[PDB]
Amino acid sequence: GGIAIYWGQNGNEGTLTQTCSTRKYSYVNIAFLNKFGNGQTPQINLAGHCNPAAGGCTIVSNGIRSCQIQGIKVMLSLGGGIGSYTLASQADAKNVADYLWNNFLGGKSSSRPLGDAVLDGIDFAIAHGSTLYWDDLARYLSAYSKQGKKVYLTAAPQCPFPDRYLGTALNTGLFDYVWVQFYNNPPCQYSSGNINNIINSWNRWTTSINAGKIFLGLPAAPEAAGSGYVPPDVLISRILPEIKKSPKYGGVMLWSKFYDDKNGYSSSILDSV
């Protein structure tokens, strides 16, 4: 399979162009659009990379196009660990979908946060807030694909199945790629010497929801998460040999680019994914 990487939450992790030119990632999720819904003005946060206000982040279009020409699919990640992002109603879902279309997809806007580049899709990283209307948002976004260009739909649900926020949305069967987060969740993550919980969790995710492919989400380094880190050798010799048996196996997802560099994770596991 391939590796999906999250980019954008640390200005020292390099440009999007450099990130994709490493030839180690097949998918890149731009994190994050952490503010929207309930009447709020949508706002993107790319840490120290750029300031979105006044088109300060429109330069990212160069990276987006550079990645795409390399066959890499780039999605705008909604949510994240921090943010007042939410959906107050089904109408709110429609408004946000149209916003995303005109500002990040095939629509039109005089203030597209990341430039004129057309992202490949939208990533759902909803970890808190509203538990409703996310399935509506998925449906509305998906409906836009009928205009000519496919709007990819991906999701980063917590490993505890089913996911409290993305369960209904994933039940629609509209998602192409689902990278489950097997960390920051003791019941379904790796523990020194024990891979039972993560494997048992993987079996539940691959034998339920209907999506294109399912990925194994992990922290790129011990510092990347509070818990759940899996040493490269363990992943390679114990975990990958098992999860890769599933026909739905898509590969591995990593948080994040910054921590991948400091730990050299993808460089160690790439070929085994």
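In this text, residue numbers run from 1 along the sequence as written.
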When the Cα temperature factors in the entry are averaged, is it 146-154 or 80-88 that ends up higher? 146-154
For the higher mean C-alpha B factor in the entry, choose 206-214 or 57-65. 206-214
Deposited CA B-factor, highest of 129, 121, 106, 71: 106
Using only the C-alpha B-factors in the record, can you name which of 168, 201, 111, 184 has the highest? 111
Taking the entry's C-alpha B-factors for this chain, is residue 163 in the lowest, middle or highest third? middle
Among all modelled residues of this chain, ranked by Cα B factor, put residue 18 in the bottom, middle or top third, i.e. lowest, middle or highest. middle
For the chain shown, is the CA B-factor of residue 241 in the lowest, middle or highest third of its modelled residues? highest
Lowest, middle or highest third: where is residue 40 by C-alpha B factor in its chain? middle
Taking the entry's C-alpha B-factors for this chain, is residue 262 in the lowest, middle or highest third? highest
